[PDB]
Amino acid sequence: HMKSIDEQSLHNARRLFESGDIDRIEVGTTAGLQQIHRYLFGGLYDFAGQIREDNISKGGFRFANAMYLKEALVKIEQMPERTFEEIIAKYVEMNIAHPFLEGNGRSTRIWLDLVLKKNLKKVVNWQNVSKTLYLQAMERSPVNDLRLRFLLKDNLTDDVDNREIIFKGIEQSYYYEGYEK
């Protein structure tokens, strides 16, 4: 049956890695996140790669106000990346920014892995990070990022070029957002 947006986007994510285009993206910047988003969602959402102008929320949580989102992103992208703790803090702020109308979670997890890979030579082995534990750690993270830090730290891998880790991690990441083939 015709591919859904999420299914085609998962194919786009796989291609991002298969083609090597993943490693030609800016790391740790707003523009690099936009690049990822455009690769994942170009042709699928008209706003692929575009910073939102509208406010968004999920549950009882409102993401950063569009009114000062661009200003926030400039500060976020200048945050340091030299330790695991710093990188998670930067990720937590980029999640709070949530700069697109859709596709924030999936694009920003790829973004995080590029920052980890560049600075620590590690990535998250997402296939081993449960959806329930991830989502609860993310919900806690604005106030206290310790649960998220430990969850991700416990699931780091140095096998950053392994196909199975990459592809199973894409699958897991998309499953966090509700998609399973």
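We number the residues from 1 along the sequence you see.
Engineer: Determine, for stretches 133-141 and 53-61, which one has the higher mean CA B-factor as deposited.
Structural biologist: Between 133-141 and 53-61, it is 53-61.
Engineer: Place residue 151 in the lowest, middle or highest third of its chain's C-alpha B-factors, as listed in the PDB entry.
Structural biologist: It falls in the middle third of the chain.
Engineer: By its CA B factor, does residue 26 count among the lowest, middle or highest third of the modelled residues in the chain?
Structural biologist: Its C-alpha B-factor, which the entry lists for residue 26, ranks in the middle third among residues of this chain.
Engineer: Would you mind ranking residue 44 by its C-alpha B-factor against the rest of the chain and naming the third, lowest, middle or highest?
Structural biologist: Tercile = highest for this residue's CA B-factor.
Engineer: Please place residue 162 in the lowest, middle or highest third of its chain according to the CA B-factor in the PDB entry.
Structural biologist: Highest third, going by the recorded CA B-factors of the chain.
Engineer: For the chain shown, is the CA B-factor of residue 127 in the lowest, middle or highest third of its modelled residues?
Structural biologist: Middle third of the chain for residue 127's C-alpha B-factor.
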